[PDB]
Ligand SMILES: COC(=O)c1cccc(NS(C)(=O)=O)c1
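Here we start with a single chain on its own, the form deposited without the named molecule, put down as C-alpha cells.
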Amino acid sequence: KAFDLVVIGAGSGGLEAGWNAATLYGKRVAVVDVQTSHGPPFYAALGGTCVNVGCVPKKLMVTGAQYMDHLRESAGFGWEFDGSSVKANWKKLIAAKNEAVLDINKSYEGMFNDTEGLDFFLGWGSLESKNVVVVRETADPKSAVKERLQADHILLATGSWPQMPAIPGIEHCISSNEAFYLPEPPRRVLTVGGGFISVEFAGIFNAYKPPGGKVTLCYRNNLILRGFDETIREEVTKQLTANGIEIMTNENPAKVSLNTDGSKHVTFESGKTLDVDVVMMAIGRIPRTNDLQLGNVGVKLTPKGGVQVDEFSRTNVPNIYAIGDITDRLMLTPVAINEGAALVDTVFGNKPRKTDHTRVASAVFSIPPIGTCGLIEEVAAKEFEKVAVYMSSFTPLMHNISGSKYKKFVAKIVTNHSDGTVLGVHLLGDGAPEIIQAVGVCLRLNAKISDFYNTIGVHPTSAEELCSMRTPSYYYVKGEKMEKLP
C-alpha cells in the first residue's frame, strides 16, 4: 500500500514515468486506470488515449483510407482491374484495428506483472491528501474504496476528453471516442471542427463511405488548421475538396434533431441545414481534472482548467506532479512521454531535466499529410526583426502520372534572416511526417538554412527539397511581409 510513486492514468506520460522509475531507479510504483482494454464504456484504458482511441488506431484507419487514393492512382502506372468491384469494408477495418489495440492492451498487462515494484490498480484515482491516492469503483467520490495508496510522490497523468458543445440535440452527436466503434461507415457525416482530429476523420470517413456518400467538415472560422502554416492550411483545404470532402467554413451547428429515419437534421447558426447519418464533434479536448478531487489538496488549475505546472512538471503542492494533456499545453503523446521521462530522471535519477516545448515535430495524417516543426512565419515575424521564408511548392512528378494533379507538395523553411537560424519547417505531401522527424533533431542543433542547402540531397525524394533552397521567396521586416529586403 506504500509506494515511492503513485501515477493516476496508465497513458502515454503515466506509463513512461512508471516504467522508468521502476526499471531505471528500482523504485516502487502504483499506476491507476479505470479500464484494462480499449472501448466502451470509458474508451481510454491501460496504454492511454493514444493507444486506445487516438494516434494508434487513427493512423491504422488513415492508412486504410489511403488505399482509396492508391487503388485510383495505380491506373496511371498501368494497374488495371474492375473499378466497379471496389468496396471498402469498414467492419473489417474496425475488427483489425480492435485486434491491434487489444494486443497492445495485453502487451502492457505483461509489462506490469513481469516488472517488480510496478503494480497496476483498476479503478478511479482521486487525491485524499498530499500523500494518499484513493482508488474508487466509479468516478463518483462516494463509491467504494478498492484501495488506499501511500505516495512519497503523486503523478497526475489523466489526459484529456472530448468537449461537446452544449447545443440542443448534442446527445445525437458523437466524439472521436464513438467514431472508433461505429458498426457501419456513415453515408453522410458532418465532422465539426477545423483541427487535426476533424480533418483526419473527414479523410477516413471519405474513403470508407458507401456509394452516394458525402463527408462535410464544418469549421466556425474562415480557414481550418489554425496554428499550422497558412500556405499548408489553404492547400490541405483544396486537396480535401479535390478528393470530394465539402469544407463549410464560418459555419457552426446551433442544433441537431433526429429525423424519423434515425438520421440527423443539423441546423447551423447561419440558418443552413444538412441531413447526415453521423455528427462527429471534434471542437477541442479538455483536461480530465474533475474526477481527481483536486479541491481536497488545493492543486492549482489554470484559467482553462489544466493543472498549473512549473518547467519541472511540479504543481504548487510538493510531491505532486502533472504531465501530458492534463497540463493543457501541447496535447501530443511524445511530449507526455518526454515530460514523464524528464520528471523521473529529475526526481529519482537526481538528474534535473526539463522538456523543451519549442521545436517539437508533429504531424497531421490528413490525406495528404502535414509534417511541421517550430514557428510559423506569422509567429516568427512578431519575435524577430528579419524573417526569411524559403518555399518550394509543386505537384511531384509521380502525382502528374497518378492523376492526383491537385497533390501539391509544400516545403517551407522559416529562418531568422539575421543569422540564418531555422525557426520552422512546414511540409505538406506524402511522407511529410517521416521527413520532419530528423528536422526536429536539426532544430535542436540550431541548424541554419546553409546547413540544409550545403547537405547533399537524396535523389529522387520530396525531402531533398529541404536541401535545395538557397534564396528566400519573401521576408517579414519588423512584422511586414515584402518580396525584397530594403
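Note that residue numbering follows the sequence shown and begins at 1. For the two forms, the rigid core is made up of the largest set of C-alpha atoms that agree within 1.5 Å on superposition.
- With every structure aligned by its rigid core, 342-350 is the stretch of 230-238 and 342-350 whose CA positions lie farther away in 8 other deposited structures of this protein.
- Stretch comparison, 303-311 versus 212-220: after rigid core superposition, larger RMS CA deviation in 8 other deposited structures of this protein is found for 303-311.
- When the two stretches 304-312 and 369-377 are set side by side, the higher mean Cα temperature factor goes to 304-312.
- Across the two stretches, 113-121 and 207-215, the PDB entry reports the greater mean Cα temperature factor for 113-121.
- Across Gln293, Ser402, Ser175, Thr158, the greatest Cα temperature factor reported in the deposited entry is at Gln293.
- The PDB entry assigns its highest CA temperature factor, among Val135, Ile104, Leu225, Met164, to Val135.
- The PDB entry assigns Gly11 a C-alpha temperature factor belonging to the lowest third of its chain's modelled residues.
- Looking at the C-alpha B-factors along this chain, the one for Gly76 belongs to the lowest third.
- Looking at the C-alpha B-factors along this chain, the one for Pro396 belongs to the middle third.
- In the PDB entry, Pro57 places in the lowest third of its chain by CA B-factor.
- Sort the chain's modelled residues by C-alpha temperature factor and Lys264 lands in the middle third, per the entry.
There is also a form solved in complex with the named molecule; it is not shown, and the following applies to it.
- The stretch from 255-263, 142-150, 305-313, 160-168 that comes within 4.5 Å of the named molecule in the deposited complex, counting heavy atoms only, is 160-168.
- Of the listed positions (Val389, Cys173, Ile247, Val410), a single one reaches within 4.5 angstroms of the named molecule by any non-hydrogen atom in the deposited complex, namely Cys173.
- Checked against the named molecule in the deposited complex, the residues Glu234, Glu178, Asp119, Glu128 give one hit for a heavy atom within 4.5 Å, which is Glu178.
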